[PDB]
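Novice: Sharing a structure, written as structure tokens. Questions coming.
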Amino acid sequence: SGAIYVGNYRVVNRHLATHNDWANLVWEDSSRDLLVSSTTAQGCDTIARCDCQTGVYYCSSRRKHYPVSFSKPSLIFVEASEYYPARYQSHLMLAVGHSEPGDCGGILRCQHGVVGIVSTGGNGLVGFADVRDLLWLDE
Ligand SMILES: NC(=O)[C@H]1CCCN(C(=O)Cc2ncc3ccc(Br)cn23)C1
Ligand SMILES: [Zn+2]
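Numbering (PDB author numbering), first residue to last: 7 to 145.
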């Protein structure tokens, strides 16, 4: 679990969005596993606007942060799950690092700010949904 809180927005994994997220919907994209909802309070986070390919993510299943080298956002095949049919997920970045079911929502950061959130993984890989192209989160 986990979310990004920036301005009057909350960014979560679309498959973990709550009834309240859907009632306050701003934007969602199944192909990215992202949903953005509106908030009443001002958020604590800031968003990176960069092309970094290294950073640090939070791994809830280890209660620890780990450094990672990750691929640029791209279209990557994701096998069927209870939440989605077998499909290509867009704007996804992969890295070698531990993740297991339950780690979705952990934040990836570089020196410029928040880069994305954990969205998939397995077998020593971790995959992050990128948010750096969503320039409207800043206004
Ligand atoms: N983005 C998606 O389509 C995910 C929706 C939830 C389901 N998806 C998964 O990957 C579930 C899953 N099985 C093994 C692992 C290991 C690490 C992590 Br993080 C998640 N994992 C796929
Ligand atoms: Zn950066």
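For each residue, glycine too, the CB sits at the ideal point set by N, CA and C.
Does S125 come out as helix, strand or coil in the three-state DSSP assignment?
Specialist: By one-based count along the sequence shown, residue 125 stands at place 119. In the structure shown, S125 sits in a strand (DSSP, three-state: E or B).
Novice: Using beta-carbon positions only, say whether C116 and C50 come within less than 8 Å of one another.
Specialist: Position 110 of the sequence shown holds residue 116. Position 44 of the sequence shown holds residue 50. No, the Cβ-Cβ distance between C116 and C50 is not below 8 Å.
Novice: What would DSSP say about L22, mapped onto helix, strand or coil?
Specialist: One-based indexing of the sequence shown puts residue 22 at position 16. Note: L22 maps to helix in three-state DSSP.
Novice: Checking the sheet assignment: what are the DSSP bridge partners for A135?
Specialist: Along the sequence shown, read from residue 1 onward, the residue named residue 135 stands at position 129. According to DSSP, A135 bridges with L98, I123.
Novice: Counting C-beta neighbours from all protein chains within 10 Å, is the total for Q95 16 or more, i.e. buried, or is it exposed?
Specialist: Numbered from 1 along the sequence shown, position 89 holds the residue referred to as residue 95. Per the 10 Å Cβ criterion, buried.
Novice: My guess is that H21 and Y89 are in contact by the Cβ rule of under 8 Å, so how many angstroms apart are they, rounded?
Specialist: Here the question's residue 21 lines up with position 15 in the sequence shown. Here the question's residue 89 lines up with position 83 in the sequence shown. Going by Cβ atoms, the distance from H21 to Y89 rounds to 4 Å, so yes, they are a contact pair.
Novice: State buried or exposed for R68, treating a residue as buried only when at least 16 other CB atoms are found within 10 Å of its CB.
Specialist: What you label residue 68 is simply residue 62 of the sequence shown in a count that begins at 1. With fewer than 16 other Cβ atoms within 10 Å, it is exposed.
Novice: Just the residues with CB closer than 6 Å to a heavy atom of ligand 1, in chain order, which are they?
Specialist: Result: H21, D39, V84, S87, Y89, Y90, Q95, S105, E106, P107, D109, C110, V124, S125, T126, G127, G128.
Novice: Considering only heavy atoms of ligand 2 and the C-beta of each residue, which residues fall inside 6 Å, strictly closer?
Specialist: For ligand 2, the selected residues are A54, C56, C58, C116, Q117, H118.
Novice: Hey, how far is the Cα of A101 from the Cα of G108?
Specialist: In the sequence shown, the residue the question calls residue 101 occupies position 95. In the sequence shown, the residue the question calls residue 108 occupies position 102. If I take the Cα positions, the gap works out to 17 Å.
Novice: Once the 5 residues before and after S7 are set aside, which same chain residues still bring their CB inside 6 Å of it?
Specialist: If you number the sequence shown from 1, residue 7 lands on position 1. Cβ within range, chain order: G111.
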